[PDB]
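Peer 1: Below: one structure in structure tokens.
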Ligand SMILES: CCNC(=O)[C@H](C)[C@@H]1N=C(c2ccc(Cl)cc2)c2ccc(OC)cc2-n2c(C)nnc21
Ligand SMILES: C[C@H](O)COC[C@H](C)O
Ligand SMILES: [Cl-]
């Protein structure tokens, strides 16, 4: 990994850590639309994303730079904001996790 990608990996590890689990947990694995009963999810969300997918991509060296990584993390949040009403509990969780993400991403070397 490049130096900037190492910082990205550090952020990813933090997003997945116990420190943030109270609001990060919905983002750990791909949304299971059937399990959640949200039978319109894949009509609304054309490009699903979640932290396990970002992690696999990082491990496989799929991201060529920090910008590509950030676009995926942001896509994950955006999907949450697109599908759910803005007053929803899961949206509040997304906003909190995104605050953690954006502030640390801003500290990129
Ligand atoms: C109909 C209610 N809305 C949903 O079920 C969402 C599709 C779902 N809500 C939730 C959700 C709803 C309420 C609370 Cl307090 C936390 C998460 C959700 C739950 C589990 C999960 O993976 C295991 C992913 C979730 N998620 C993400 C991420 N983005 N949207 C959701
Ligand atoms: C809550 C907004 O959707 C994302 O805000 C990011 C800011 C760094 O908290
Ligand atoms: Cl972006």
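Peer 1: Hey, among the residues in the range 63-109 that are assigned to a loop (DSSP other than H, G, I, E, B) and within 16 Å of ligand 1 (Cβ to nearest atom), which one's nearest to residue 43 (Cα to Cα)?
Peer 2: The extreme case among them is 84.
Peer 1: For the range 10-48, which residues satisfy the criterion of being surrounded by 14 or more Cβ atoms within 10 Å (Cβ to Cβ) and not in a loop (DSSP other than H, G, I, E, B)?
Peer 2: 11, 12, 14, 15, 20, 23, 24, 26, 27, 33, 41
Here the Cβ is made from the backbone with ideal geometry for all residues, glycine too, and neighbour counts use every protein chain on show. Computed from the coordinates by the stated procedures, all read-outs in this text should not be read as laboratory data.
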